[PDB]
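To start, the structure under review is shown below, and the notes come after it.
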Amino acid sequence: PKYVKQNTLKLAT
Amino acid sequence: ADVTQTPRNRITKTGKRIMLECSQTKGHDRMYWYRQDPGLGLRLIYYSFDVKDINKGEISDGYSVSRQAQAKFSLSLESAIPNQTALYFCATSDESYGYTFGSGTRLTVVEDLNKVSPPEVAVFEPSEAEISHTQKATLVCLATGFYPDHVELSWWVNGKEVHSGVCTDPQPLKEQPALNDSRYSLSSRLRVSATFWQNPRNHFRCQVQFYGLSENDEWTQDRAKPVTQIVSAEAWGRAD
Amino acid sequence: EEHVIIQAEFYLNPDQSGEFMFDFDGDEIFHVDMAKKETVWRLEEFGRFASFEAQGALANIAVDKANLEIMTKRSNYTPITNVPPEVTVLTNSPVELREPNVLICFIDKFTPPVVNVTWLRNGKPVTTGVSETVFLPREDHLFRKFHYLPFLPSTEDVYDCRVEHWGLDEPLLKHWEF
Amino acid sequence: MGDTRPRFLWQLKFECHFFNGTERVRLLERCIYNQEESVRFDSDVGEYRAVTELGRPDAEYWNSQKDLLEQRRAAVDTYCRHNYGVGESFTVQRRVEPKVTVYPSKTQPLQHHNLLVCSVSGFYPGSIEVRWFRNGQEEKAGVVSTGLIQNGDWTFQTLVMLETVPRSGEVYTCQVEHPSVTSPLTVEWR
Amino acid sequence: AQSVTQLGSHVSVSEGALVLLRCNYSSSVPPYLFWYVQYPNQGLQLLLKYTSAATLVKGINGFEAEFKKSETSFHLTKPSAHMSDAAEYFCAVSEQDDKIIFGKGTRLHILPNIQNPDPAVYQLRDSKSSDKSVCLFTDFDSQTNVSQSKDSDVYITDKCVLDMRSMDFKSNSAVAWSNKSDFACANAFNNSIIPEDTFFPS
């Protein structure tokens with residue numbers, strides 16, 4: 001059984 | 001294009017270290033190298049999620065990579081073997097599984113550069129019997145005696161590249177299927193209306209782009225050095 | 001019932017320090033060792049029932065790093081205000097003579113997440129058997145940390161946890177005797 | 001560190017909140033610059049919101065991307081409910097029996113004011129009742145406790161002391177109710 | 001073991017008919033799923049992506065795919081096959097691990113609607129020489145297949161489909177050639193089952 005991360009998003013540039 | 005690979009086409013002899021370059025402009029942290037082979041899909045070689053971060057994929061053996069900068073991801077064949085002949089694709093990913101693939105690198109690894117040979121190209125004119133039976137006209141292009149299997153064939157009508165009415169064999173056949181380094185042949189058809197064929201000012205060219213030896217490569221043979229070159233053959237229309 | 005699972009990450013410049021950890025109701029389940037690309041289970045048991053692809057943490061930290069640079073530029077290079085830690089020193093269990101216990105130094109309510117912790121036994125800095133947790137999250141976005149020293153309890157030995165942090169004007173020295 | 005340089009800190013929290021197990025779940029994503037939250041996604045709202053002016057460009061850019069917002073909402077199932085089920089056996093269902101000892105704080109004759117100590121340690125989860133009994137009867141007046149101590153360890157400890165005058169033949173029982181026990185633990189002092 | 005299984009390296013569909021390409025997946029984790037297309041002599045293009053947002057995923061050109069957890073499937077469909085749908089199609093999975101694992105790929109072949117077949121074997125002379133020629137078998141319907149030569153000095157191509165946009169007209173063809181002195185267009189396709197009505201001009 002595998003934990004999943006949630007992805008960090010890139011801020012607006 | 002966000003993602004660009006160089007070179008687009010490479011021939012190399014076995015036992016040589018060769019490097020493929022990927023560069024991107026969208027400043028993405030995730031980069032990947034895949035290879036594509038018939039019947040096996042894309043297999044992941046290596047992947048990188050940051051500068052100097054390196055991770056092995058499914059098939060890392062015989063390969064290395066570097067990620068010195070965010071913009072660039074380098075793939076090296078350590079000691080090229082023939083089964084590393086493939087289409088190689090660099091990809092970037094955003095933060096939500098949005099992949100951008102490069103247009104690809106066609107790499108051919110040959111055991112012996114002495115066997116490299118450009119195509120002879122011939123154009124075969126439509127038969128009167130076809131014109132009179134169908135009111136259409138089929139030209140055939142044959143490209144023969146080339147090695148390795150690393151060509152692109154196109155048709156040019158009145159100096160313009162045409163896609164309409166063209167079929168090219170999806171893969172060349174071997175002139176000597178018993179031999180490991182057999183030369184190849186490829187055919188293509190261009191079909192036009194008889195009225196278009198019958199106009200003697202119309203010019204038809206079948207062009208074969210051959211990928212072969214570079215300036216660098218040594219050449220000890222009497223026949224011309226088999227460099228990357230275009231070979232073409234041409235036919236004019238005829239009223240008959 | 002009521003449970004909370006937190007995925008907590010940070011990146012700190014110019015130290016170039018980043019952490020990735022999961023929290024269940026205020027205890028750490030695991031963190032990722034970035035150097036070795038290994039998931040570190042807070043108890044070894046947990047690694048027998050579950051897995052985590054450590055490499056995933058490095059993609060998030062890469063993006064944390066890019067976002068910290070953007071926010072830094074947006075703020076016109078406004079730095080963080082240092083918040084000094086509170087230090088509690090206590091025992092893992094009640095304390096019996098010549099029955100090995102463990103000394104906890106609990107460090108709480110501090111930012112940024114950079115501290116230097118020293119264990120002094122009778123004035124001597126001691127390193128034998130020492131371990132620590134990573135920088136743990138709090139609801140106010142400050143940090144908690146645990147430092148651990150296994151030891152033999154006796155009336156002979158006196159203990160100090162010494163903490164240094166940029167928010168303090170001198171090191172905090174917290175005492176323990178039996 | 002004698003190093004004087006200014007520091008810049010980026011923190012990220014994904015918070016999964018579970019009510020009655022996975023019956024009700026809430027997801028909070030939090031972007032935090034120099035200890036101040038700038039933008040958050042709350043599953044109860046279903047889009048990004050600036051917590052400060054610095055966050056406004058990020059709320060606006062992220063909320064711009066319909067497919068992005070759709071996945072962030074699905075994550076209550078594909079992230080929160082999933083990870084809950086991964087950890088349940090060793091997390092939610094973790095039970096570790098307390099060690100319970102009771103001793104006087106002073107060895108002294110009968111008929112004198114004493115402090116009887118009930119230390120309860122090594123236990124998980126945190127939920128627990130310690131109750132003090134004199135010869136069978138409970139008492140609430142002189143009960144003092146150090147409250148619940150988190151060891152960082154996946155274990156808790158607590159003291160509950162009892163102010164009391166011990167008398168000839170008196171038996172004192174510490175009664176501990178914890179989820180790990182089919183029925184309360186009891187340790188006596190005579 | 002994240003995997004995706006596609007059935008059939010090479011599949012056929014009639015022009016105008018429903019397109020169905022199969023994909024089954026294996027994941028411990030609720031997955032990302034993808035379909036990509038590779039059009040001839042080009043790169044990889046995303047058609048659609050499953051994100052758990054919705055079980056019916058919609059893409060460019062009428063493509064759609066339905067996630068069915070209970071049969072772990074993600075079959076790609078398109079209502080009507082066009083000649084321009086001829087391509088290789090790849091299904092792909094990520095167990096939420098920020099890498100895409102690809103299936104082996106299926107090439108879709110479109111059989112053109114040949115309403116008026118006119119099978120014929122023509123001799124074509126070289127532009128440059130009255131001494132050189134090839135044989136063209138053309139204008140046969142979808143029920144004829146070309147076999148490879150039994151004779152190592154006779155070369156025969158696979159059948160190809162061309163689309164003459166100038167006359168909205170599609171046709172099948174195969175080419176045969178030889179340097180052999182005894183090679184004639186009447187014998188070139190003797191190893192193939194050809195239509196009884198094939199036209200052999202004088």
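In the structure tokens, chains take letters A, B, ... by order of appearance, with residues numbered from 1 within each chain and ligands from 1 in the order shown.
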Using only C-alpha atoms, which protein or nucleic acid residues come within 8 Å of region 121-136 of chain D? Drop anything in the same chain fewer than 2 positions from it, and give the result as an NGL selection string. (:C and (93)) or (:D and (94-100 or 119 or 138-140 or 143 or 148 or 154-158 or 160 or 162 or 170-179))
Which residues of chain D sit at most 10 Å from chain A, using only C-alpha atoms? Give each one's shortest atom pair and distance in Å (one decimal place), in chain and ascending residue order, as a Markdown table.
| residue | atom | partner | partner_atom | distance |
| --- | --- | --- | --- | --- |
| D:12 | CA | A:8 | CA | 7.8 |
| D:13 | CA | A:8 | CA | 9.5 |
| D:14 | CA | A:6 | CA | 7.5 |
| D:29 | CA | A:8 | CA | 9.3 |
| D:31 | CA | A:8 | CA | 9.3 |
| D:55 | CA | A:11 | CA | 8.9 |
| D:56 | CA | A:12 | CA | 9.5 |
| D:57 | CA | A:12 | CA | 6.1 |
| D:58 | CA | A:12 | CA | 5.3 |
| D:59 | CA | A:12 | CA | 8.9 |
| D:60 | CA | A:12 | CA | 8.6 |
| D:61 | CA | A:12 | CA | 6.1 |
| D:62 | CA | A:12 | CA | 8.2 |
| D:68 | CA | A:9 | CA | 9.9 |
| D:72 | CA | A:6 | CA | 8.9 |
| D:75 | CA | A:6 | CA | 8.0 |
| D:78 | CA | A:4 | CA | 8.5 |
| D:79 | CA | A:4 | CA | 6.3 |
| D:80 | CA | A:4 | CA | 9.0 |
| D:82 | CA | A:3 | CA | 7.6 |
| D:83 | CA | A:3 | CA | 5.3 |
| D:84 | CA | A:3 | CA | 8.8 |
| D:85 | CA | A:1 | CA | 8.6 |
| D:86 | CA | A:1 | CA | 5.5 |
| D:87 | CA | A:3 | CA | 8.2 |
Emit the selected residues as a PDB file, in the first residue's frame, including C-alpha atoms.
ATOM      1  CA  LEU D  12       3.654  24.185   2.176  1.00  0.00           C
ATOM      2  CA  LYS D  13       0.902  22.300   4.021  1.00  0.00           C
ATOM      3  CA  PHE D  14      -1.576  19.838   2.567  1.00  0.00           C
ATOM      4  CA  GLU D  29      -3.641  23.438   0.809  1.00  0.00           C
ATOM      5  CA  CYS D  31       1.259  28.381   0.771  1.00  0.00           C
ATOM      6  CA  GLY D  55      -1.120  35.645  -2.974  1.00  0.00           C
ATOM      7  CA  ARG D  56      -3.625  37.345  -5.388  1.00  0.00           C
ATOM      8  CA  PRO D  57      -1.621  36.581  -8.622  1.00  0.00           C
ATOM      9  CA  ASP D  58      -1.422  32.830  -7.639  1.00  0.00           C
ATOM     10  CA  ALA D  59      -5.146  32.451  -6.715  1.00  0.00           C
ATOM     11  CA  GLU D  60      -5.972  34.154 -10.110  1.00  0.00           C
ATOM     12  CA  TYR D  61      -3.452  32.045 -12.211  1.00  0.00           C
ATOM     13  CA  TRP D  62      -4.435  28.643 -10.568  1.00  0.00           C
ATOM     14  CA  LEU D  68      -6.298  21.862 -12.462  1.00  0.00           C
ATOM     15  CA  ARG D  72      -7.534  19.439  -6.690  1.00  0.00           C
ATOM     16  CA  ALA D  75      -7.886  14.717  -4.330  1.00  0.00           C
ATOM     17  CA  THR D  78      -7.457  10.219  -4.693  1.00  0.00           C
ATOM     18  CA  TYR D  79      -5.124  11.679  -1.962  1.00  0.00           C
ATOM     19  CA  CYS D  80      -6.903  12.019   1.475  1.00  0.00           C
ATOM     20  CA  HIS D  82      -6.413   6.836  -0.175  1.00  0.00           C
ATOM     21  CA  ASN D  83      -3.588   7.799   2.274  1.00  0.00           C
ATOM     22  CA  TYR D  84      -5.994   7.288   5.266  1.00  0.00           C
ATOM     23  CA  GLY D  85      -6.591   3.665   4.135  1.00  0.00           C
ATOM     24  CA  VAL D  86      -2.808   3.118   3.619  1.00  0.00           C
ATOM     25  CA  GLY D  87      -1.939   4.054   7.244  1.00  0.00           C
TER      26      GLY D  87
END
Distance limit 6 Å, atoms considered: only C-alpha atoms. Which chain D residues sit that close to chain E? Return them as an NGL selection string. :D and (70-71 or 74 or 78)
Could you dump the residues just selected with N, CA and C atoms as an mmCIF file, in the first residue's frame?
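out.cif, freshly written:
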data_model
loop_
_atom_site.group_PDB
_atom_site.id
_atom_site.type_symbol
_atom_site.label_atom_id
_atom_site.label_comp_id
_atom_site.auth_asym_id
_atom_site.auth_seq_id
_atom_site.Cartn_x
_atom_site.Cartn_y
_atom_site.Cartn_z
ATOM 1 N N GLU D 70 -10.401 21.008 -11.004
ATOM 2 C CA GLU D 70 -11.153 19.726 -10.981
ATOM 3 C C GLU D 70 -10.335 18.629 -10.290
ATOM 4 N N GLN D 71 -9.032 18.467 -10.609
ATOM 5 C CA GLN D 71 -8.209 17.433 -9.927
ATOM 6 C C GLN D 71 -8.037 17.810 -8.450
ATOM 7 N N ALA D 74 -10.940 16.443 -6.681
ATOM 8 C CA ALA D 74 -10.955 14.963 -6.689
ATOM 9 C C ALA D 74 -9.980 14.400 -5.649
ATOM 10 N N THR D 78 -8.661 10.831 -4.074
ATOM 11 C CA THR D 78 -7.457 10.219 -4.693
ATOM 12 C C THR D 78 -6.207 10.460 -3.844
#
Quick check: residues of chain C within 7 Å of chain B, only C-alpha atoms, returned as a short mmCIF file (atom, residue, chain, number, x, y, z; two decimals) with N, CA, C and O atoms, in the first residue's frame.
data_model
loop_
_atom_site.label_atom_id
_atom_site.label_comp_id
_atom_site.auth_asym_id
_atom_site.auth_seq_id
_atom_site.Cartn_x
_atom_site.Cartn_y
_atom_site.Cartn_z
N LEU C 58 11.57 14.90 -4.04
CA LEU C 58 12.58 15.79 -4.64
C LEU C 58 11.92 16.68 -5.71
O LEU C 58 12.35 17.86 -5.84
N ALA C 59 10.91 16.20 -6.45
CA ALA C 59 10.17 17.04 -7.44
C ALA C 59 9.45 18.17 -6.68
O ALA C 59 9.52 19.33 -7.14
N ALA C 62 12.04 20.77 -5.50
CA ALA C 62 12.51 21.57 -6.64
C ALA C 62 11.54 22.74 -6.85
O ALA C 62 12.02 23.88 -7.02
N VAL C 63 10.22 22.46 -6.80
CA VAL C 63 9.17 23.49 -7.07
C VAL C 63 9.07 24.46 -5.87
O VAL C 63 8.90 25.63 -6.18
#
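Compared by their closest atoms to chain E, and using only C-alpha atoms, the residues B:80, B:179, B:44, B:1 rank with B:44 nearest.
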